[PDB]
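Quick setup: the structure tokens below cover two forms of a single protein chain, split into structure 1 and structure 2.
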Structure 1
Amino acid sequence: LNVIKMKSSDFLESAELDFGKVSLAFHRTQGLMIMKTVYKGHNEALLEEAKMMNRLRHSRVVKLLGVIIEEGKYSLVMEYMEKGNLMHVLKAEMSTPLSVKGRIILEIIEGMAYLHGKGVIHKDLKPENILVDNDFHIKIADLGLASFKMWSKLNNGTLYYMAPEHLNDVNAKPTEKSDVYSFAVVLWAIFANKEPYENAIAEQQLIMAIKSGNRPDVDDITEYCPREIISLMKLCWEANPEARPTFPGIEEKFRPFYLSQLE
């Protein structure tokens, strides 16, 4: 457990930011980190959960660096991703070029393939959980703590990326195909530079529409997105979960396309 134990004295300084009690801190040897804190006023179960998450080690997946438990105040600690999340970057003034968007897609695929390979279902894949560093590499995060059972309980949601089978039944068993659907909508957003379903009027309209087969508007991306990716996102958002490909399957389809046409 010492592998994930951090102390306030390990950091030179920290300050609260304007979710929840999030702060930016400089670690004495490991650099800038983001800290999320909850006040409670049992700890060993929290530390083991942190140790488990810390074993998810892959270049495109957020590595939990450690936790701090002091004075009834409980913190998770991770590396600071300066450019924020994927949608923040997509909407930036600088228009992200095709070669970069293609690499982002491939890195998302790599990260999700690793997670599923480790038996991890994400359950809330979405642009907000795809973080971007200063060289435009990405890492997959779980900022809503959907996979942190204990740490989520201590703290006591867009539907655009949620698979239709989970619309109105969020307690159904999570599946790998649930994540593949989310990925399909992320693909669309990467080329649209925006959230889907802008012409929806009511939440009930949208939920029923998606369950009936409605999908993001492909006509918004045809002049930017290559045909191969449009075909890919259609496979990945098929209504039948078992008709959706695996992420290793997606990777074997997408990587040679990226290499010859995009890189």
Structure 2
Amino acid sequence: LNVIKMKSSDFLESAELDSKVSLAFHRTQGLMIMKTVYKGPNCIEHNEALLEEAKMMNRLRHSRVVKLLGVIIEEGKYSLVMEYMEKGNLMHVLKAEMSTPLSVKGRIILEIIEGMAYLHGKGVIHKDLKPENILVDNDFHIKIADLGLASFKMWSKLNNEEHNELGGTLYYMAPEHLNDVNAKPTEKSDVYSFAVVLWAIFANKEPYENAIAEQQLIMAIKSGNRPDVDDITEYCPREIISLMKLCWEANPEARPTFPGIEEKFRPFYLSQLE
């Protein structure tokens, strides 16, 4: 239940693509993901600040939030060890040859809502909610993550050491945050990202494929351009299109909270989707 101090000797591994990440087989505990944050020539000393922060992160415990299983804190090697989510990210599931049924998509949306309401209920503002931070297990249940690791203050800090040998977010970023280095993220910013995730779940693709240039898209979105609702070929219930439109509202105060989305979406899910 708690964070375990693991040793590098307890594993064997393999590389992978992510915000490096390598799957690892633990000698006695089985398959895990190891994210190595620092591998260096400098024995570092503030091991406790790194360990306490992982214990503090480990306090976010919910069925829809990725669990940290352990940490490797040793001479020149610092790694986060996490549970493996076997299907990868939500975009990989959506672009797969087999199509996800509407009932399973409905459940995925509800589970994203539950995860986000839980995080906001803990005073945690995600700032990069997007399909790559939504992980999927073999049963198609989701768990929200933060692969950039911005939420872990010291682990991010430790990565930026200079004796250490070691974007795309724009589509999901709320327009107040676009072209601004100082915009502070709010719960309503995450609600905006959820609306674009909602569109992508039904379009099975990334938004704005016809955008020629990044400054064009940034200026377009700020003037009120949104993902094309007509470019959803599959059937999206009118209730979800209405919700998507309310959540990407230009005015942040018009956007609902995740608890208010849950109250509306769950009865609809149960009555209309499964």
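Under this definition, the rigid core comprises the largest set of C-alpha atoms superposing within 1.5 Å between the forms. Numbers given to residues start at 1 and step along the sequence of structure 1.
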With the rigid core superposed, which of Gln30, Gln204, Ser231, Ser59 has its C-alpha shift by 2 Å or more between structures 1 and 2?
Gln30
Once the two forms are fit on the core, has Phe254 moved its CA by at least 2 Å between structures 1 and 2?
no
Using a rigid core fit, what is the CA shift at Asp220 between structures 1 and 2, in angstrom?
1.5
Quick one: CA shift at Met6 between structures 1 and 2, core fit, Å?
2.3
